[PDB]
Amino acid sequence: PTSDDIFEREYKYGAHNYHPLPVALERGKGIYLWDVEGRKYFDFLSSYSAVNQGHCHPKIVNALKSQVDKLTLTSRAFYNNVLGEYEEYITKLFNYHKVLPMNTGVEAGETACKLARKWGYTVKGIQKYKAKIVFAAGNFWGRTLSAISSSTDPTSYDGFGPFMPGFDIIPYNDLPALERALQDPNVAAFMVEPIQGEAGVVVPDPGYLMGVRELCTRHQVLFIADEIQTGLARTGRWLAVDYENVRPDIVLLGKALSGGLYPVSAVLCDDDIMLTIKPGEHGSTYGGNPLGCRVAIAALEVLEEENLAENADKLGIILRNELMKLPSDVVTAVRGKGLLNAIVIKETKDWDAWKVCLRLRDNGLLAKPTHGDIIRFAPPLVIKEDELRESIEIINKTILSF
């Protein structure tokens, strides 16, 4: 099992919907990854902020092993003993009345849109099937037909058939645009990411989230905050929106909600929106299973108990300050919050972000390019200062070797 054979096996038998970086990973622990050759790598992608707590965190692994021997799935046709405990825990932690559990982020987004439409028809009084949902340009919340229907990325939706009606798109970080869009009374919700991760970690101006909250409240529009990637202490707070002390109507969570051990996602909102969905009107087979509930409880407990948010804040300050010392000769921009950061490099004929990531892999650091000039830096939140500093040294060497 060399790296080449693993690549060839995936190429021969698997679909070609991805072009991963040529690394064949076989072990993971905390912040480190090991390939089949035994090489050691710094993980600076964190599986898209899903292993914020580190790879194979002992407390989450123990919870999964304890639950797997007793009960893993009953389906929602009956009750299990774990779901209610997790629901109470999460609802108290994030200060919302109810949580609707799902498995993946796309499912939470679909649930959020369904909630928005049902609330618009039943509570707001919009005439049926005229309800609109507004999204921000550069948004990403998955690859379902509805999700790509709201994407501004041509690779996401080009050639994928007719698209879901009722979706409007406005520029990100543009309060006047949202105000103008909300003049349509048929708007039911505005869905937005506090920081657009897939777009290249674009950070809105301070006060943007406050303005969005005020505009949504003024025009009775549901504020949907997609914190699947930004939430759970990655940006330095429990939710990135806590930076502006803003309370969205709906909160989406996922990925790091399980520490990478299980597909678990959640839709958090109060009774006045959640109870528009009557029994038998929405659900999922694996949504709310006891195994995922135990895993999510363990994952959130290690986040709270290890103060990963505060460490993320301090270490992100250091990371951005060090990355800004990089010459504008190569690094055109540095941006981010907490340990969700990105650098935009000057792409030329000589080099691009793909080559930078290849050389970073050669030097023991794993990162992925998302635009051809944008490189993501997102190590697990359990990093210590010295590990971060030596990772920064690796990044400096790779950058200044071109």
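Note that residue numbering follows the sequence shown and begins at 1.
Looking at the deposited entry, does 85 to 93 or 223 to 231 carry the larger mean Cα B-factor? Of 223 to 231 and 85 to 93, the stretch with the higher C-alpha B-factor average is 85 to 93.
Mean Cα B-factor comparison, 350 to 358 or 50 to 58, giving the higher one as deposited: The stretch with the larger mean CA B-factor is 350 to 358.
Pick out which of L178, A147, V241, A137 has the highest C-alpha B-factor in the PDB entry. Highest CA B-factor of the listed options: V241.
Between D184, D174, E193, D249, which carries the biggest CA temperature factor in the record? Largest recorded C-alpha B-factor: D184.
Going by the recorded CA B-factors, say which third of the chain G236 sits in, lowest, middle or highest. Highest third - that is where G236 ends up once the chain's C-alpha B-factors are sorted.
Of the three thirds of its chain by CA temperature factor, lowest, middle or highest, which one includes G125? Answer is highest: the recorded C-alpha B-factor places it there.
Would you please rank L339 by its C-alpha temperature factor against the other modelled residues of its chain and give the third it falls in: lowest, middle or highest? For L339, whose C-alpha B-factor we compare with every modelled residue in the chain, the answer is the middle third.
Ordered by C-alpha B-factor within the chain, which third holds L319? Give me lowest, middle or highest, please. Its C-alpha B-factor belongs to the highest third of this chain's values.
Taking the values exactly as deposited, rank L71 by C-alpha B-factor within its chain and report the matching third: lowest, middle or highest. It belongs to the lowest third of the chain when residues are ordered by C-alpha B-factor.
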